[PDB]
Amino acid sequence: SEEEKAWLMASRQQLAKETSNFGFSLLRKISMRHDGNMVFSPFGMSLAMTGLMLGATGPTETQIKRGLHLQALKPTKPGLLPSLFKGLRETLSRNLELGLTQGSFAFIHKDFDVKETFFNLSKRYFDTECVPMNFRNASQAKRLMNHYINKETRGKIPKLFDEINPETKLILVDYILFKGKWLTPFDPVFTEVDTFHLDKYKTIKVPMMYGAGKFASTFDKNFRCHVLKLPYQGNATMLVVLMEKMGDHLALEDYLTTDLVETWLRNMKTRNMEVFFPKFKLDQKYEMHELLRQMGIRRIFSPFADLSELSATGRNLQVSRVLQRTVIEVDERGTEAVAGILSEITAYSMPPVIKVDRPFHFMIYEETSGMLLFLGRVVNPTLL
Amino acid sequence: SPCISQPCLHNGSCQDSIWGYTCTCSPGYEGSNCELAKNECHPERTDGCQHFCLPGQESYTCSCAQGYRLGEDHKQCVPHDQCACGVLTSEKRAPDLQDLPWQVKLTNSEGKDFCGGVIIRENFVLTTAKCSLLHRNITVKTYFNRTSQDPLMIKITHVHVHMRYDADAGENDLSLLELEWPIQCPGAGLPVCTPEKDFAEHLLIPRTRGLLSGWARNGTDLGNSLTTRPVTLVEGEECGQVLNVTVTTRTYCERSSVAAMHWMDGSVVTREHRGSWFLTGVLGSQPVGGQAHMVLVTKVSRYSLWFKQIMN
Ligand SMILES: *[C@@H]1O[C@H](CO)[C@@H](O)[C@H](O)[C@H]1NC(C)=O
Ligand SMILES: *[C@@H]1O[C@H](CO)[C@@H](O)[C@H](O)[C@H]1NC(C)=O
Ligand SMILES: *[C@@H]1O[C@H](CO)[C@@H](O)[C@H](O)[C@H]1NC(C)=O
Ligand SMILES: *[C@@H]1O[C@H](CO)[C@@H](O)[C@H](O)[C@H]1NC(C)=O
Ligand SMILES: *[C@@H]1O[C@H](CO)[C@@H](O)[C@H](O)[C@H]1NC(C)=O
Ligand SMILES: *[C@@H]1O[C@H](CO)[C@@H](O)[C@H](O)[C@H]1NC(C)=O
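Here you go:
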């Protein structure tokens, strides 16, 4: 109905603001488990969970909606997913300028009913081919999956899985790979091995990309940190958050809200400056369900979950595993085959400088939608 | 003997004395072995900063703690406020005597003492969130430099509970207590030092012993007997099994072999460095596998920003 479409436009933004707050909650739970490099996709994570919220009912479904920081959206039935599932489309479709390998899988047990309802209706939204499996012949099941993925991923992700419980009702994966074309690629003539303080008492040596010219940035005088916009091609952007020399980056995480991010997005000021930025490459897989449990989404991972709508067959159906693998790399050329060229015309020998030689946070969002593609933290540029 | 160990690396000029050796490290280095660098910060540097150090480009740089200033030295931390976490010249071992200025007890509508706390600033007191929340008329009580008959009583104006506190997860169990009046220091009491993360996790906690000042509960001898006790870091790995608990990134463990239930929650661990005491941990509700000798503390070095934001 034309009624629906009129709504989906005003709800675009509210949905983006909320899954960024969901993303910062996730980041915090992870940060509780370790201090190392971190990277995951807030968007791909909501998208995936939302699909499940479709097949769920009552207490189960309700709890997911609240847990994803979006019970405030008061729509009609499935419209909530098209937002996410079609945002996925606009990004992988007409947008070649960026990345962007992305997809998900629903490897289910080989006995679930899966009516022609939530199987075709969900394929119309999710577009994630479910794949009944022989979790009994566990050894055979592992191979099949790793292969399925090794295919749709193009070897980018080789062997995702290691083990598989014989009694595995349902496993849900989501991957997302990214490396784009800089709006202003770095000149490899200027990248040099430089000092990177892994912390005040330990330091190492890392390749340090250099770039000059016009960048948009801002310094939050309250928390005392630099915020830097590194534009990609295709209206995707990377925010780099760099605490002043003394303060620790771990502290800032407690204060990350969508409101904050946008308050210093608006105080952005474009100007001429020098920037030193470290090459890196983060690749990580998270057993998201373990984390989404600590965050409150529990029922859909427990015996008494209502996936009645999905597969009425009643034994003990429930999501068994949810795992997201995500990869992101940053050199100075990206997907382009040649790097960039530096020509100095500003002109001055005293423009602002900004060295990323401490650990930092980075976000990757689509300027169009405002949706958070990548939430990350780089403490050690050398590994990952 | 003696310049046989080749103990001088990085171009170290070995001046063979008669009983020991000496070195003149290649320019841009230092130390009795030349394993240092004026570039970075090393925990071994004895002649370094007195408080906080910042790895610079040429040389390193020194910061000072709350209430201090650097002498013309540029490395020293001359205390002048005066409110700067310096324990009076006073040695305390088997006889704790409850004579440390920053410790404090919490009472409610009646003389009931249910929790402990630490003076963090002249008008703020740190304690666990769980405690701060079980009574709505908290008062701060100190016995420091006072006739046991009457203590010092101060009402709590407002309680700032950490905004990311989750009781279920037992994470971020911390609160800041706003005092109605400032503490008349150094007489009435004195704030303990709050450490910078890296400093506290690289040369303090791993490299030196701290003491766990608090009180046992629920019981005593009809008085305020503050009982201290040495503790050392327990590697989180082991600590895992030993307590049947998962150690988040904002908590760590200690041990002493003195089987005392430091029930009082506001109990705290501190460590001293070059003549100043630093609040290293706050004792949550360490449980339940006790195993009383091992303790589960809240890593205070992590909440540095939360303090500055609230207290300014
Ligand atoms: C698992 O089952 C498949 C059925 O096609 C069989 O071919 C395979 O040999 C089995 N694996 C093992 C380890 O026996
Ligand atoms: C999209 O990104 C480009 C990058 O050059 C930017 O100039 C433009 O303002 C953005 N707007 C839209 C609507 O695409
Ligand atoms: C200093 O150390 C270097 C290491 O390459 C060595 O080659 C050189 O001989 C040393 N210099 C002196 C003065 O001994
Ligand atoms: C609470 O504290 C006030 C002082 O602020 C005190 O006079 C009163 O007796 C206490 N009792 C209750 C129940 O509030
Ligand atoms: C209190 O503090 C002062 C100053 O330190 C000290 O001289 C005095 O002996 C202390 N005694 C009592 C009971 O207040
Ligand atoms: C927690 O401790 C108990 C001690 O009996 C043990 O049975 C259980 O396996 C432990 N849980 C773990 C290690 O996750």
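Going down the list, the protein sequences come from chains A and B.
In terms of the entry's author numbering, the first sequence opens at residue 40 and continues consecutively.
In terms of the entry's author numbering, the second sequence opens at residue 49 and continues consecutively.
For each residue, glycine too, the CB sits at the ideal point set by N, CA and C.
Beta-carbon proximity list for residue i, same chain, < 8 Å, skipping 5 on both sides
i: B:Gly288; result: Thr294, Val295
i: residue 20 of chain A; result: Absent from the structure is residue 20 of chain A, since the part of chain A shown begins at 40 and ends at 423.
i: A:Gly286; result: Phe262, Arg263, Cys264
Within chain B, the residues that residue i reaches when beta carbons sit closer than 9 Å
i: A:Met71; result: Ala217, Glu219, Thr296, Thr297, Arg298
i: A:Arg337; result: Residues of chain B passing the Cβ test: none, with the nearest at roughly 11 Å.
i: A:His236; result: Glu88, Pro103
i: A:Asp259; result: Under the 9 Å cutoff, chain B gives no residues; its nearest Cβ is about 12 Å from A:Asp259.
Beta-carbon contacts of residue i that lie in its chain and below 7 Å, excluding the five residues immediately before and after
i: A:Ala177; result: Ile203, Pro205
i: A:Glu405; result: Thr130, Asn274, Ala275, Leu412
i: A:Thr352; result: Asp150, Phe151, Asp152
i: A:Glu191; result: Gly142
i: B:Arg265; result: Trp311, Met312
i: A:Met88; result: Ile103, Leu107
i: A:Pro390; result: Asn311, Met312, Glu313
i: B:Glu283; result: none
Beta bridge counterpart(s) of residue i as assigned by DSSP
i: A:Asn311; result: A:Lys253
i: B:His206; result: B:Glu226
i: A:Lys394; result: A:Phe315
i: A:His400; result: A:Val280, A:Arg416
i: B:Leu251; result: None, per the DSSP bridge assignment.
i: B:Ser111; result: B:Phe100
i: A:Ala145; result: A:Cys169, A:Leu211
i: B:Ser324; result: B:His321
i: A:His265; result: A:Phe258, A:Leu281
i: B:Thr187; result: B:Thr155, B:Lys203
i: A:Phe229; result: For A:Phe229, which the question treats as bridged, DSSP gives no partner whatsoever.
i: B:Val330; result: B:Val316, B:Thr346
Neighbourhood of residue i by C-beta, 6 Å cutoff - its chain only, sequence neighbours within 5 removed
i: A:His108; result: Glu57, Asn60, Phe61
i: B:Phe100; result: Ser111, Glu244, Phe247
i: B:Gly258; result: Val279, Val317, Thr318, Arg319, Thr328
i: B:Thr256; result: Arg319
i: A:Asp233; result: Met247
i: B:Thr276; result: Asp144, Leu259, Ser261
Chain-ordered neighbours of residue i on chain A, where CB pairs are closer than 7 Å
i: B:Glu88; result: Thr242
i: B:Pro91; result: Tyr240
i: B:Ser107; result: Simply none; closest approach about 14 Å.
i: B:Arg322; result: Under the 7 Å cutoff, chain A gives no residues; its nearest Cβ is about 16 Å from B:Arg322.
i: B:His250; result: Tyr240
i: B:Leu327; result: In chain order: nothing, as chain A lies at least about 16 Å away.
i: B:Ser49; result: Near B:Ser49 there are no residues of chain A at all, since even the closest Cβ is about 34 Å away, more than 7 Å.
i: B:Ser223; result: Those do not exist, as B:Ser223 stays about 15 Å from chain A at its closest Cβ, beyond 7 Å.
i: B:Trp229; result: Near B:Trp229 there are no residues of chain A at all, since even the closest Cβ is about 28 Å away, more than 7 Å.
Under 8 Å from the C-beta of residue i: neighbouring residues of chain B
i: A:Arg67; result: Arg212
i: A:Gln333; result: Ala217
i: A:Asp74; result: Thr297
i: A:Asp345; result: Result: empty, since nearest Cβ-Cβ is about 24 Å, beyond 8 Å.
Per-residue contacts from residue i into chain A (C-beta, under 9 Å)
i: B:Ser333; result: Under the 9 Å cutoff, chain A gives no residues; its nearest Cβ is about 18 Å from B:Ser333.
Proximal chain A residues relative to residue i, where beta-carbon distance stays under 8 Å
i: B:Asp246; result: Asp238, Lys239, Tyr240, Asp287
i: residue 33 of chain B; result: Residue 33 of chain B is absent from the model: chain B starts at 49 and stops at 360.
Chain-ordered chain B contacts of residue i [CB-CB under 7 Å]
i: A:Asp152; result: Result: empty, since nearest Cβ-Cβ is about 36 Å, beyond 7 Å.
i: A:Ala111; result: Those within 7 Å of A:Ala111 in chain B number zero; the least Cβ separation is about 20 Å.
i: A:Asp213; result: The contacting residues do not exist; A:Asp213 stays about 25 Å from chain B at best.
Contact test: residue i Cβ vs ligand 8 heavy atom, cutoff 6 Å
i: B:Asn292; result: With respect to small molecules bound, the structure shown includes ligand 1, ligand 2, ligand 3, ligand 4, ligand 5 and ligand 6 and not ligand 8.
- Message: Check whether the region 291-308 of chain B and the region 337-344 of chain B touch, using three or more Cβ-Cβ pairs below 8 Å as the test.
- Response: The region 291-308 of chain B, when compared against the region 337-344 of chain B, does touch it at the 8 Å Cβ threshold.
- Task: Could you tell me whether the region 315-327 of chain B touches the region 260-267 of chain A, where touching means 3 or more Cβ pairs closer than 8 Å?
- Result: Judged by Cβ distances under 8 Å, the region 315-327 of chain B makes no contact with the region 260-267 of chain A, as fewer than three pairs qualify.
Under 8 Å: do the region 214-225 of chain A and the region 389-402 of chain A share three or more Cβ pairs, one atom per stretch? No, the region 214-225 of chain A is not in contact with the region 389-402 of chain A.
Meets three-Cβ-pair contact criterion under 8 Å: the region 100-119 of chain A and the region 334-344 of chain A = Inter-segment contact for the region 100-119 of chain A and the region 334-344 of chain A is present: three or more beta-carbon pairs are separated by less than 8 Å.
**Asked** Is the region 319-330 of chain A touching the region 75-92 of chain A, taking contact as three or more C-beta pairs under 8 Å?
**Response** Judged by Cβ distances under 8 Å, the region 319-330 of chain A makes contact with the region 75-92 of chain A, as three or more pairs qualify.
Taking a cut-off of 5 Å, which residues have a beta-carbon closer than that to any heavy atom of ligand 4, in chain order? Each of B:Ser157, B:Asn185, B:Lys203 has a C-beta closer than 5 Å to some heavy atom of ligand 4; these make up the full list, in chain order.
| said: For the pair the region 228-235 of chain B and the region 123-135 of chain B, tell me if three or more CB-CB distances fall below 8 Å. | reply: Yes, since at least three Cβ pairs between the region 228-235 of chain B and the region 123-135 of chain B fall closer than 8 Å, the two stretches touch.
- prompt: Are the region 74-83 of chain B and the region 353-369 of chain A touching, with three or more C-beta to C-beta distances below 8 Å?
  reply: The region 74-83 of chain B is not in contact with the region 353-369 of chain A.
Pair every Cβ in the region 211-221 of chain B with every Cβ in the region 154-166 of chain B, then say whether three or more of these pairs are closer than 8 Å. Counting Cβ pairs under 8 Å, fewer than three are found: no touch.
* Asked: Does the region 290-307 of chain A touch the region 43-52 of chain A, meaning 3 or more C-beta pairs lie closer than 8 Å?
  -> Not touching, per the Cβ criterion.
For this session: With a cut-off of 7 Å, give the chain-ordered residues whose Cβ is closer than this to any heavy atom of ligand 3.
Result: This criterion selects B:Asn59, B:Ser74.
Point to revise | Sufficient close CB pairs (3 or more, under 8 Å) joining the region 294-310 of chain A to the region 242-259 of chain A | key: Touching, yes.
**Inter-stretch contact (C-beta, 8 Å, three-pair minimum) for the region 153-161 of chain A and the region 109-116 of chain A** = In short, these stretches do not touch, since the Cβ pair count stays below three.
#### Entry: Contact set, ligand 1 heavy atom to C-beta under 5 Å
In chain order, the qualifying residues are A:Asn176, A:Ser178, A:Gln179.
| task | Can you list the residues near ligand 5, meaning Cβ strictly closer than 6 Å to any non-hydrogen atom, in the order they appear in the chain? | result | Residues with a Cβ closer than 6 Å to any heavy atom of ligand 5, in chain order: B:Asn193, B:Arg194, B:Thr195, B:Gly235.
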